[PDB]
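Notes for the one structure printed next.
We did not get these values from a lab; they are worked out from the coordinates using the rules stated. No Cβ is skipped: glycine too gets one built from the backbone with ideal geometry, and neighbour counts run over all protein chains shown.
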Amino acid sequence: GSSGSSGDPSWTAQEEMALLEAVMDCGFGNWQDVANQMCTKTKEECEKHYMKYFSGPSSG
C-alpha cells in the first residue's frame, strides 16, 4: 500500500519509477536489460537499490 514517497541524495524520483518499469518490462535478475532505462547508474546499483527499498522492511 505504497506509491513511492521517498527521495535520496543520490538517486532520483525518475530512476525509481524507471527501475520498476524495467523490472516489470524485462524481469527480475535481468539487471542488464533493466540498465537500459537505469543506465543513469550501474546495473549493480540498480539491483542493491531495488532490494533496498522494494525488498526492504521499512521505507529505506
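Taking into account only those residues within the range 34-60 that are among the aromatic types (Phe, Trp, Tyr) and part of a helix (DSSP H, G or I), which is farthest from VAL23 (Cα to Cα)?
Here is the first cut: in the range 34-60, the residues among the aromatic types (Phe, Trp, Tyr) are 50, 53-54.
Retained after the next criterion (residues that are part of a helix (DSSP H, G or I)): 50, 53.
On the way: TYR50: 9, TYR53: 14 Å.
So the residue we want is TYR53.
Does the range 23-52 hold any residues that are in contact (Cβ under 8 Å) with a residue 24 or more places away in the chain and of a type outside the set (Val, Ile, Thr), and which are they?
Answer for the range 23-52, where residues must be in contact (Cβ under 8 Å) with a residue 24 or more places away in the chain and of a type outside the set (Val, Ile, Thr): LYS41, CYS46, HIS49, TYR50.
Any chance the range 5-28 includes a residue that's among the hydroxyl-bearing types (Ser, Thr, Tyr) and either loosely packed, with under 10 Cβ neighbours inside 10 Å or part of a helix (DSSP H, G or I) (or both)?
Applying the first criterion (among the hydroxyl-bearing types (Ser, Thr, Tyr)) to the range 5-28 yields 5-6, 10, 12.
Subsequent filtering for residues that are either loosely packed, with under 10 Cβ neighbours inside 10 Å or part of a helix (DSSP H, G or I) (or both) retains 5, 10.
Looking through the range 5-28, at least one residue is among the hydroxyl-bearing types (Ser, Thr, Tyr) and either loosely packed, with under 10 Cβ neighbours inside 10 Å or part of a helix (DSSP H, G or I) (or both).
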